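Given next are two forms of a protein chain, the same chain in both, each as structure tokens and marked structure 1 or structure 2.
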Structure 1
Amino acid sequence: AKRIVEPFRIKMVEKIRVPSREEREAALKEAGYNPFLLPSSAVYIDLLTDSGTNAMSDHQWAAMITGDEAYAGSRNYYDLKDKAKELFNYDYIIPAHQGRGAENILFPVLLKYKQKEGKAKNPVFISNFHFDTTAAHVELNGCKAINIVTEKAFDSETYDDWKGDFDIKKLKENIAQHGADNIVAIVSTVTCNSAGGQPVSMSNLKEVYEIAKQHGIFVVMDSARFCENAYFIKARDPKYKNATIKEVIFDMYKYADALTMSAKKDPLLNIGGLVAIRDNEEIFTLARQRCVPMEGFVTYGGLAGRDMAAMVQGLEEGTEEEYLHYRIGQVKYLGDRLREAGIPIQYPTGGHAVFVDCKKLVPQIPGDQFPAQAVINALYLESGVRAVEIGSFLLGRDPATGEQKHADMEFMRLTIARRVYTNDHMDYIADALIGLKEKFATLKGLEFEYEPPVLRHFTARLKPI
């Protein structure tokens, strides 16, 4: 394990505290054994998400202070437009309040666009892996969300450079089975969140885009963690060994027609999202027509002016290789601590989180009893650290059959907010999980009490078995 030094120093701090063991026992109980329902006061180190919990820079705060709050035509809207043209070469932007607002703007518009000439009667979206909000917006619009990530993502312990890659073979099979007229769009998720924050390679992105253009399919880059994906392409693809991060990013976006971004991830924000469209002005115009009732006027999209200002500055800071080397180096430090102590993880670690393979850590719990959640619950009761489950619990149920979607991966996700926690905080997280060495086989799964029909993991209430 190698500690990589921060390429910054601290300017402002926020207190944290360890709640007592009896606080955590009561809190988890009151929260229905779902840490999503805990108050933050009951949490020590929060590893629930890397979304919106990032520490901004003094430059981002100063940009907020001078942000233009004008309802129409904010100065910051035009800076954000130029920045998106600078980084992605995309000519149209619509701000959104966060990533699932961008998906609510774009995905219904793509469906209606595809349904011209009476096509897309049995419509589907195709992705390496639809994350939860993305798949929910696909299915809420009456489509199937099809995930075709490479099967090397399924062998946790075996190294591979690109575990977020599309399976090109399955992509061709799905185009053959469904037909190009049913494929509303392809979604390239960079990095692949559900596979473990694992990068998609540039040739993979290129190859998927070639096939899509052959068949007239629209391609959307789910871009929440694009800077982490660009760093991995520079690190693992020899063809980009001497490229700047921005140069890799520019090339990534030659292989999509539009993007949906949660700016709460790699742009280092606490709120914000973005739709950018390359050159298709009709899809842009239709999305603007949906933005107005759902999000806001097309020059702020449900954001305050200051948050567009912070996003402009965040989009620059998130591409800095010195910062990305440290950020992804910190994730790698935590993974190497756990791996050295015999804890199975998705290897190599991805950009934003260590994914602990609980299918190997707790074999006595079947996947539909949520094994990673039993581990998460025990880790919290022992340490005050709050983690999150990326497995059968999050995967949910098939819209058609109403049964559990089969999960090939049962991950506990230790999600690391950017520039928030030190490597000493990582050591606490590592030692806490390692201290559970003798209790893993003792753990038992969980059973529902209240299950939402959609995105159930957020508010479900569980009971032990």
Structure 2
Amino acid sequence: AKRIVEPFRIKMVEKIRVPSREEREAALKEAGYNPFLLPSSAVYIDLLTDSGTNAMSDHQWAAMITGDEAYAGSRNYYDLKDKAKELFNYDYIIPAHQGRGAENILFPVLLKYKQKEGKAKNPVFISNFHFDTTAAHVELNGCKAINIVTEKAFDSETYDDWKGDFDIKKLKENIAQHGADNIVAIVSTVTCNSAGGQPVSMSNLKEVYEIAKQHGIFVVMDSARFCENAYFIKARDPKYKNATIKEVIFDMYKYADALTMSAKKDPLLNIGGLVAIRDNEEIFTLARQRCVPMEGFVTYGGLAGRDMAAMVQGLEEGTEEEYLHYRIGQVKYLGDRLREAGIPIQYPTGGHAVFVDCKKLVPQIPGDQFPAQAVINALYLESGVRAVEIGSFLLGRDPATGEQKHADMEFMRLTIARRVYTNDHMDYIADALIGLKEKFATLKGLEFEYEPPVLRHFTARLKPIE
């Protein structure tokens, strides 16, 4: 495992403490053995997400201080429009309060736009993998969300360069099966979050776009982690070995028609989202019409001016290769610590999170007893670290049958915020999980004390099986 030194220094700190074992036991009991119900004061290191918890630079805060809060025509709106033109070569922008706000703006408009001439009768969206909220807005608008990630992503511990790739064969298959008139849009997710933050290759993005243009299908780039995807393209594609990150980004967005972005991820913000449209002025006008009642007026879109200001600066900082090398390297360092201790992970590590295969850690716990959640709770009790379950607990029940949906994998996700924790915090996490190895065989599963009908993993209360 190799540590990469920060290309920055610390300007401001925030205190975090390890509560005593007695407090953690009491807190987890109060949270119903569900860390999503823990208060942040009960948490030492928070690995729940990489969304909105990043550390900003002094330049970002300075931009916020001089932010323009005007209701219409904020100076920062035009800066943001110019920045999108510089980075992506797209001519239209609509700010949003965050990524799912951007999806709520654009996706219903794409459905209306596809239907306007009498198409989209059995409408579908096709993606390498839809993110959870992305797929939710697809389904809330009466559409089917189809995921066709490459098969290389399902062999978790076997290395591959582009585990986020579309399966090109399955893409052509779905176009023939559903017809180009029913495909509202193709969503290229970069990096592919649901495959574990694994990159999509430039040639895969190019081929997907060429297929979409011959069939007249609109392409949306889900761009939450477009800078981590660009770093991987430079690191693993020989064509871009000597390109700048910005040059990689510019080529990526030749292969889409628009983008939805959570600025809470790679742009290094705590809040914020963005819709950008390449050149389709009609979709831009329709998305503006939906933005006003849903998010706010079209020159701030549910963002404070100071947050559009921070987004302009963060979009620049998020492309800096030295930071990307350190950031993605820190995630790799945590993964390499676990792998060298025999802990099975998804390999290679993605850009923002390490995924630990808990099924191999607690084999005595069946899937319907949430093995990954048992390891997560054990991890919290031992260390104060809070992680999140990507497995049977998250997957939920089948709506028609009421049965536990089958999970292929029982993952514990260790999601790493940007510029927040040191490699010593990474060592603290690894040494905490490694120290559970003799106790894994003794862990018991979990059963429900309270289970809501939908979105159970957020608020359900569990209890240990004794």
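We call the rigid core the largest set of C-alpha positions that still match within 1.5 Å between the two forms. Quick note, the numbers are simply positions in structure 1, starting from 1.
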query: Out of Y300, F393, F284, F125, the residue that alone shifts its CA by 2 Å or more between the two structures when the rigid core is the reference; finding: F393
query: Rigid core superposition, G367 Cα moves 2 angstroms or more between the two structures; finding: yes
query: Is_shifted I183 between the two structures (CA, 2 Å cut-off, rigid core); finding: no
query: Core-aligned CA displacement of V454 at least 2 Å between the two structures; finding: yes
query: Cα shift between the two structures at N34, which is computed once both forms share a superposed rigid core (Å); finding: 2.4
query: Distance moved by the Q214 C-alpha between the two structures (core-aligned, Å); finding: 0.6
query: Value in Å for the CA shift of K437 between the two structures, taken after the core is superposed; finding: 1.3
